[PDB]
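So the sequence shown is residues 9 to 67, 71 to 236, counted in the entry's author numbering. The structure under discussion appears below in the form of structure tokens.
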Amino acid sequence: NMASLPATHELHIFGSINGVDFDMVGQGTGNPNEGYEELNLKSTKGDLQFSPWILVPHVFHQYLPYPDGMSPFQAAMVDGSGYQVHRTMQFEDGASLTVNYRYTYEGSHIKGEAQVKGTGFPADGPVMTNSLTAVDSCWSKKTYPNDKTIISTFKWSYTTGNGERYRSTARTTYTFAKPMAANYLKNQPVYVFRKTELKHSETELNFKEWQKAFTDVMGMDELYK
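Encoded structure:
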């Protein structure tokens, strides 16, 4: 018997921000019945030369349960066929950031690879000058346009060192190797509430996340934003 939800994970998150290369690796844990995950990361390329906050929320929906059972992400892991993830973020100042994810599974252990490319950050904005201080909690909205796709959308805000909000919008595409169960396509959309904590230096990140999915939710349209 090999049927397993995740208990542990590791992330290799790498790429560039405004052409500057970064690379971080580390181990983490979570509880796939509660939606909790935490992750340690260490840089393999010296001091991050940009706000470490730009890697949140990108630093494993395999830990997210749904209101009534496994999420489609968990079902894809357990079945073994899995899924791929593409995220785009559009920032208020015209900057753009993409992340592509691939996973492999060794029983209850996940190996994540996340490739990041951020461009168009103003040279003196809060990202390149390292003056982001916090994130807002966040609702995501998950839709299923077909049986192999989930589209997720969210508004995102960082706090800056002057106490302003620095805003973006995010679109995430999930591609499933096997069709999702009919029940998922019927009980949509799904809203997920997420809270995060980040402790960081120049070279190290300690990330935590709490998340909970909500189904059958009326007039959530202008409130999740």
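Beta carbons: idealized from backbone N, C-alpha and C, even for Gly.
What separation, rounded to the nearest whole angstrom, lies between the Cα atoms of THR115 and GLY230?
C-alpha separation (whole angstroms): 38 Å.
Which residue's Cα is closest to the Cα of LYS53: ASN41, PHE30 and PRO78?
The shortest Cα separation from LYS53 among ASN41, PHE30 and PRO78 belongs to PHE30.
Restricting to Cα atoms, I'd like to know which of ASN9, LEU49 and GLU208 is closest to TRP221.
Of the listed residues, the one whose Cα sits closest to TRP221 is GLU208.
Among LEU47, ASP232 and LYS197, which has the Cα closest to the Cα of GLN35?
It is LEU47.
Between which two residues does the alpha helix (DSSP H) holding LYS197 run?
Here the alpha helix (DSSP H) through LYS197 covers 193-197.
Judging by CA-CA distance, which residue of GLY174, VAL28, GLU213 and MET32 is the nearest neighbour of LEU19?
It is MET32 whose Cα lies nearest to the Cα of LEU19.
Would the segment 161-168 count as touching the segment 181-196 if we require 3 or more Cβ pairs under 8 Å?
As far as the Cβ criterion goes, the segment 161-168 touches the segment 181-196, which means the pair count is three or higher.
To the nearest angstrom, how far is the alpha carbon of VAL127 from that of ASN111?
If you take the alpha carbons of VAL127 and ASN111, they lie about 7 Å apart.
Please report how far the alpha carbon of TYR177 lies from the alpha carbon of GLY91, in whole angstroms.
The straight-line gap from Cα to Cα measures roughly 39 Å.
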